[PDB]
Amino acid sequence: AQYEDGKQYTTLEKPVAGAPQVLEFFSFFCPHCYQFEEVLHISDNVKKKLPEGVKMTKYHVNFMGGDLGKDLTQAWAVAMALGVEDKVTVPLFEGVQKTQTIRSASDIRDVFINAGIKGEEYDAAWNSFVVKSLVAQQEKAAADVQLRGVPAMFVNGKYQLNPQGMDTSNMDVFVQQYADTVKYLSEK
């Protein structure tokens, strides 16, 4: 058939109960993740085809970058708590990978301050239990899909996108087939 288990996607041996409908994992240290988000815009192209009543969810991971990696997961929790993901995603990717001006928790915080988040507001969120729970949520979600690498995307806690089984040559054909596949899995 056109879509095939083991081709455009794989099926988790152990489905995850109560997972987000569409769940992406990434790291701001991850070069392929920079490509995915900043060049290919996979997230945005995926959301362009999502059925009505399905949310896209994006979690950060710890395992790249040591202490900064965990600081970035905590900052991403702050972004989620404050609802400012679309103001900090580009400057965090660029600060970590392009300019390499992000080397500490303070440098991460500067991105938020520069984006208009008040200092008191960032600090209160950073040290909040709501944010500790959001960090734990991201970590648990990774364990539950038995995550091995990023970027990665899971649908209904059941299916894992398999970009290795799509075309490489036209970025746009690849991006379209990825987006088409998520929508298919959404309805499956």
Side-chain angles (χ1 to χ4, degrees), residues 3 5-38 40 42-44 46-47 50 53-86 88-89 92-93 96-97 102 104-105 108-109 112 125-166 178-179 181-188:
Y3 297 99
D5 198 313
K7 180 170 163 142
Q8 299 92 339
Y9 67 94
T10 55
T11 305
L12 295 177
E13 151 166 12
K14 280 151 177 22
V16 181
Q21 279 158 322
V22 181
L23 185 49
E24 181 190 330
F25 293 87
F26 76 107
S27 170
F28 289 111
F29 275 104
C30 161
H32 276 143
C33 303
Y34 187 104
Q35 293 299 316
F36 255 52
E37 177 61 28
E38 300 304 297
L40 292 175
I42 292 284
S43 304
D44 287 344
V46 167
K47 93 156 225 188
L50 288 178
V54 48
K55 331 166 197 279
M56 160 127 188
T57 299
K58 182 136 61 158
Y59 291 164
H60 195 268
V61 302
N62 294 332
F63 64 84
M64 302 187 69
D67 283 279
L68 248 193
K70 299 207 42 153
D71 281 323
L72 285 159
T73 299
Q74 188 162 345
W76 189 245
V78 168
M80 290 191 288
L82 295 178
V84 295
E85 299 101 317
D86 302 331
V88 299
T89 293
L92 292 168
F93 264 120
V96 176
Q97 288 193 52
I102 294 173
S104 69
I108 297 167
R109 181 176 182 278
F112 286 70
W126 175 270
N127 305 37
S128 75
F129 285 93
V130 157
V131 159
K132 292 182 201 314
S133 56
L134 278 173
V135 169
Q137 272 190 37
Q138 300 174 82
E139 289 159 350
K140 183 183 166 271
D144 290 346
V145 297
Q146 305 281 73
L147 192 69
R148 289 179 68 110
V150 282
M153 197 175 297
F154 299 81
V155 178
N156 291 316
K158 280 164 215 205
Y159 307 104
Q160 182 176 347
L161 276 287
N162 190 43
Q164 89 158 342
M166 310 171 180
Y178 195 113
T181 303
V182 175
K183 183 172 195 297
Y184 162 77
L185 293 175
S186 189
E187 299 161 346
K188 182 176 181 68

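Heavy atoms only: backbone and side chains are in, while hydrogens, waters and symmetry mates are out. Along the sequence shown, residues are numbered consecutively beginning with 1.
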What is the distance from atom OG1 of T89 to atom CD of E38, rounded to the nearest 0.5 Å? 7.5 Å

Donor-acceptor pairs under 3.5 angstrom involving side-chain atoms of residues 68-80: please list them, not counting sequence neighbours.
| from | atom 1 | to | atom 2 | distance (Å) |
| --- | --- | --- | --- | --- |
| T73 | OG1 | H60 | ND1 | 2.8 |
| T73 | OG1 | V61 | O | 3.3 |
| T73 | OG1 | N62 | OD1 | 2.7 |
| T73 | OG1 | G69 | O | 3.3 |
| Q74 | NE2 | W126 | O | 2.9 |
| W76 | NE1 | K58 | O | 2.9 |

How long is the span from the CG atom in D5 to the CG atom in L185, to the nearest 0.5 Å? 9.0 Å

On a heavy-atom basis, which atom in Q97 and which in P31 lie closest, and how many Å separate them? OE1-CA, 3.3 Å

Between CG on residue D67 and OG on residue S104, distance to nearest 0.5 Å: 11.5 Å

Could you measure the distance from the NZ atom of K7 to the OG1 atom of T181? Nearest 0.5 Å is fine. 9.5 Å

Who pairs with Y59 by ring pair (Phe, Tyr, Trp, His ring centres under 6.0 Å), at least two apart in sequence or on another chain? none

Set of ring pair (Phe, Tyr, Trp, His ring centres under 6.0 Å) partners for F63, sequence neighbours left out: none

Sequence neighbours excluded and cut-off under 3.5 Å, please list the side-chain donor-acceptor pairs for residues 19-28, or say none.
| from | atom 1 | to | atom 2 | distance (Å) |
| --- | --- | --- | --- | --- |
| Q21 | OE1 | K55 | N | 3.1 |
| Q21 | NE2 | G53 | O | 3.2 |
| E24 | OE1 | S43 | OG | 2.7 |
| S27 | OG | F29 | N | 3.0 |

Would you give me the side-chain donor-acceptor pairs under 3.5 Å for residues 128-135, sequence neighbours excluded?
| from | atom 1 | to | atom 2 | distance (Å) |
| --- | --- | --- | --- | --- |
| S128 | OG | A125 | O | 2.8 |
| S128 | OG | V131 | N | 3.0 |
| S133 | OG | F129 | O | 3.3 |
| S133 | OG | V130 | O | 2.5 |

From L92 CG over to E37 CD, what is the distance, rounded to the nearest 0.5 angstrom? 11.0 Å

Residue pair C30 / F93: nearest heavy atoms and the distance that separates them: O-CE2, 4.4 Å

In terms of heavy-atom contacts, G149 and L147 come closest through O-CD1, 3.4 Å

Can you see which heavy atom on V155 is nearest to which on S186, and at what distance? CG1-N, 3.8 Å

Partners of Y159 by ring pair (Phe, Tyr, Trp, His ring centres under 6.0 Å), sequence neighbours excluded? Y9

Quick one: does any side-chain atom of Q8 pair with a main-chain N or O of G165 as donor and acceptor, under 3.5 Å? no

Does atom CD of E187 have more than 12 heavy-atom neighbours, drawn from other residues, nucleotides or ligands, at distances under 6.0 Å? yes

Between OG1 of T57 and CD of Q137, what distance do you get to the nearest 0.5 Å? 9.5 Å

